[PDB]
Amino acid sequence: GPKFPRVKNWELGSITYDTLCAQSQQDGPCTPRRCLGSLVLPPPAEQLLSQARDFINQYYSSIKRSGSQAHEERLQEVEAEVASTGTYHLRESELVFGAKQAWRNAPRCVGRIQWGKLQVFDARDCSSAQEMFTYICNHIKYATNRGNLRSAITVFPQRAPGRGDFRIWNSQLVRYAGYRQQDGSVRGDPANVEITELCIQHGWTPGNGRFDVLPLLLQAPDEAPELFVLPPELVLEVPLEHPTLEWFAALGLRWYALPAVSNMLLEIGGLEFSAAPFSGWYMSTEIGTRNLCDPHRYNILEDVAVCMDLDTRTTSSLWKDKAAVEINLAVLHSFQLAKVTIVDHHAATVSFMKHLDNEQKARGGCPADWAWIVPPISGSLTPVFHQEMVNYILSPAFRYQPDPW
Amino acid sequence: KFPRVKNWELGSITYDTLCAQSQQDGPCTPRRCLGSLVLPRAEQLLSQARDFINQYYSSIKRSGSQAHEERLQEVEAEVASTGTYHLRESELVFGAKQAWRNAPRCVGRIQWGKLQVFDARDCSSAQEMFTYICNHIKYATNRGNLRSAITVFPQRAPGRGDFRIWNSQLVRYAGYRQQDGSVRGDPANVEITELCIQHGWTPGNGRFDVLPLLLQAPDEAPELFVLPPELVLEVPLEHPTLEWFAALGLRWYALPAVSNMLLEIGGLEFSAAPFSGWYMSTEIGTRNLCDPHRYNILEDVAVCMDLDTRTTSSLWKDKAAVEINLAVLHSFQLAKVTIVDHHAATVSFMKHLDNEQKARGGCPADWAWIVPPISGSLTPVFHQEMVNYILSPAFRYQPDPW
Ligand code: HEM
Ligand code: HEM
Ligand SMILES: Cc1cc(N)nc(C[C@H]2CNC[C@H]2NCCNCc2ccc(Cl)cc2)c1
Ligand SMILES: Cc1cc(N)nc(C[C@H]2CNC[C@H]2NCCNCc2ccc(Cl)cc2)c1
Ligand SMILES: C[C@H](O)[C@H](O)[C@H]1CNc2nc(N)[nH]c(=O)c2N1
Ligand SMILES: C[C@H](O)[C@H](O)[C@H]1CNc2nc(N)[nH]c(=O)c2N1
Ligand SMILES: [Zn+2]
């Protein structure tokens, strides 16, 4: 039949063909010889120009003026700017379109039904670490909006030839410190040990709790990073309690409201925005299953199972599964109680199936990473588990970048 | 060239060099990954045979010996004259074990070296196929102390139909289309249930009616055989603490025996070679009983648990699912029938990955299939990167014979 990937949904028995993959101009890690789909990790004016032209064509197609005078003029304008300077700059509306496309294009995001609704803060005039901090605080305030979260991204100046990058050292705007102990264990989040020590190496006076909010290490071009402490009033947190298990609250667990990724690179038409933090709202399993139950994270499964009085001596009691469910329920219940936006893994995957149907119609497909889209608990209980998916790289895109240190 | 493989829970890293031995292409390309898809969209025979024979002699540490060389001549002489060849029983046994070892979707591979191989290549009729199958079941079932086994029927031959078992598993429950478009029994087996009736089977009207086997000998219409009830071990499902669970009248058979896959060894193809092991509880508790397109009992169990099925945020689905999987383990354990839970199973697979890293420099594995359908990240395999590729001997899918 059609010479494109045939995609099947095994619950519904429905079929679609992905034609959008034909627009991919960047190769992933697989080959006919072996699939590396489960791996977490994957200028020449000549190449830049082709990427820039592709992006401008995308922009004009999106506003239905492809082939028009303005379209051709913009293309000539970009070529001229690159011709004389080596780079070029995006117009305001082009940046807005590009940022939304990058989210729309992210294969690992299950929240893409929301892609068209993104507040894009243009911070390309930012010229100091102190100002980066101002922009970040405004982002957090706007995005947090007292618990009624709003998706947002703040874009700082793009990488420039012969100049240092703007960089936020932290992986997220909000994260808990991880303190290496005497005995070799860790108090707080084990994932943040290195960033926590870098903050200390940089003058931060460390706390000693399990949930100490880390300061931000912000770096303006060609300068050492500066340290900034987030005012507590700005970081909304949710104390965790369980709807029926009264002792859960005594565990003293909590989590912050805003998931804000700050170390990814936003690439649009060949231009690279090394500092462009973006945020949305949590899907409950990110907190309840990964952050709280991963063995290499807070690892609280055994503690909660002991509290629930489960037989933690044998795997067949399914004590891990039982505790995980209650921990996830507590996260949902607590966020709901505190009126902070959150979406459970069932609702999220149901909305992602709608997004796939929308994109099939709008673009002929949707790049999706099955392993990342299917939730960490109750996998086959959600509709995405039964949906085959095609994964490929489209641009604009969010890409990982090496840590600045 | 060789992929770096990292385990994110432990921080350990390995390099897969075994993938360089793959000679068959998967579905992916540098442009797009199709790893989530369930199914794929004489000089050669001789090279595959040589490689296999090479594999065999290396396995018994007699590579290069006289026996190795003579065997290679034998194979070449037979292919040159007849266009095919035949395997010795010892080689067939080594071949079947390697095909299991190479199966990327199997989480139970730590057991790969323990497999009873039944040579059924001297089978000339559907009736004989049935006798072999019955003996396989009796042996594999062993009154509840399941033993892994495979029965190999005659290889495919040029200009001649295949020996085939039409059923996808030796034991399966009927799926009957009701007037109102619904289905009584297993919805996954509607088509096969209908073929059986069409081929003279007197259907039942229950929810767990064991289907009869449609066995096909070369170029003949398939024949119907009803398995003797006393041969099909089943486990009534009850819950350790919820008394009403047993009232649901749920049950499942003890023996998972795949019968529609093709076994390929040294270029030869065995279109009928049913194999069986023992269940991992989530196959029954999560997929068979809870899939929307299967028995779909989540809502019923949820209501019996008087859960709030009004909203997803109450996690009623997750809660019911866990109790159903608990009932399966409890029941099989009560009935003293072999079964392995998903935590124990994945822990053994991690050991297997380590054993194979030392033994062969890698292990082909399909992450999406190895990670259980519930509590994925609560198991060690979730945090383990895997490389997937096709090695031979191999088990592969083949067209339905109708
Ligand atoms: C509105 C709510 C949103 C929800 C519920 C959501 C949910 C998720 C989830 C569950 C993941 C996988 C995260 C992980 O396991 O580490 C993810 C990844 C991702 N999301 Fe979304 N997302 C949302 C908004 C956004 C926004 C506003 C952007 C960008 C404009 C975005 C960009 C991404 C990207 C690039 C990734 C992958 C990053 C990586 O590989 O680490 N998401 N999202
Ligand atoms: C002894 C205990 C065994 C257990 C616990 C086990 C477990 C599993 C599981 C959970 C799967 C994925 C099943 C699914 O979701 O459909 C699977 C697939 C598979 N297993 Fe094993 N296995 C065992 C024995 C065997 C044996 C004896 C063979 C062959 C000699 C075998 C060959 C395979 C193959 C080829 C697949 C993939 C089939 C497909 O893609 O449909 N297994 N096994
Ligand atoms: C806007 C938004 C909204 C929501 N709900 N969720 C996210 C995802 C974000 C919050 N939970 C996990 C974080 N992602 C980290 C993934 N690390 C991959 C990774 C990459 C590279 C390395 Cl070395 C390790 C790990 C972003
Ligand atoms: C020896 C053994 C031991 C255990 N424990 N489990 C198995 C697996 C077997 C029992 N439950 C699921 C069955 N697999 C069928 C896969 N269907 C995919 C599929 C392939 C092709 C189509 Cl058209 C649809 C679906 C085999
Ligand atoms: C090794 C494996 O790729 C890794 O653990 C992946 C699997 N799926 C995931 N899915 C999501 N959403 N987030 C993750 O961090 C991961 N980790
Ligand atoms: C579409 C998707 O590949 C499909 O639902 C897969 C996912 N993982 C699986 N894993 C196992 N063990 N068994 C299955 O049948 C599946 N189905
Ligand atoms: Zn792939």
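- Header annotation of the entry names X-ray crystallography as the structure determination method and lists the resolution as 2.03 Å.

Examining the overall build of chain B
No. 1: Counting its secondary structure elements, chain B contains 10 helices and 16 strands.
No. 2: For chain B, the C-alpha atoms occupy an extent of roughly 70 × 60 × 40 Å along the three principal directions.
No. 3: Every one of the 402 residues in chain B was classed for burial, and the buried ones make up 52%.
No. 4: Carbon and sulfur atoms make up 50% of the accessible area of chain B, which totals about 17400 Å².
No. 5: For chain B, the centre of its 38 positive side-chain charges and the centre of its 44 negative side-chain charges are spaced 5 Å apart.

So, the site of ligand 3
No. 1: As a matter of local geometry, ligand 3 sits amid 13 residues, with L41, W281, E286 and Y400 of chain A together with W8 of chain B nearest to it.
No. 2: Of the chains in the model, those with residues near ligand 3 are chains A and B.
No. 3: Within the backbone of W281 of chain A, an N or O atom sits 2.8 Å from a nitrogen atom of ligand 3.
No. 4: In this structure, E286 of chain A approaches ligand 3 through a side-chain N or O atom, which is 2.6 Å from a nitrogen atom.
No. 5: For ligand 3, whose unbound accessible area comes to 640 Å², protein coverage reaches 61%.
No. 6: Its residues placed into classes, the shell around ligand 3 shows 9 nonpolar, 3 polar and 1 charged.
No. 7: If you count residues domain by domain, the shell around ligand 3 takes at least three from each of domain 1 (18–124 + 151–161 + 265–279 + 349–373) and domain 3 (237–259 + 282–347) of chain A.

Side note on unusual backbone geometry
No. 1: Looking along the chain, the bond that leaves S395 of chain A and enters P396 of chain A is cis, with omega of 0 degrees.
No. 2: Of note, the bond from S392 of chain B into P393 of chain B is cis; its omega dihedral lies within 30 degrees of zero at 0 degrees.
No. 3: One can find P393 of chain B in the loop between α10 (367–370) and β16 (394–396).
No. 4: Unlike most non-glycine residues, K64 of chain A shows phi in positive territory, near 60 degrees.
No. 5: By secondary structure assignment, the location of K64 of chain A is in the loop between α1 (45–62) and α2 (69–85).
No. 6: When its relative accessible area of 66% is taken as the criterion, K64 of chain A is described as exposed.
No. 7: Here the phi dihedral of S375 of chain B falls at roughly 50 degrees; this positive angle occurs in a residue that is not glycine.
No. 8: In this structure, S375 of chain B sits in the loop between α10 and β16.

Analysis parameters
Residues numbered from 1 in each chain as written, not as in the entry; some residues may be left out. Chains lettered and ligands numbered in written order. Heavy atoms only, no water. Helix = DSSP H or I, 4+ residues; strand = E, 2+ residues; numbered from the N terminus. Buried < 20%, exposed > 50% of the residue type's maximum accessible area, 1.4 Å probe, protein only. Areas by Shrake-Rupley, 256 points an atom, 1.4 Å probe, with all protein chains shown as cover. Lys, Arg positive; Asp, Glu negative; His and termini not counted. Charge placed at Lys NZ, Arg CZ, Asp CG, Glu CD. Near = heavy atom within 4 Å. Polar contact = N/O pair within 3.5 Å; in protein donor to acceptor, adjacent residues only side chain to side chain. Nonpolar A, V, L, I, M, F, W, Y, C, P; charged D, E, K, R; others polar. Domains from an automatic or database assignment.

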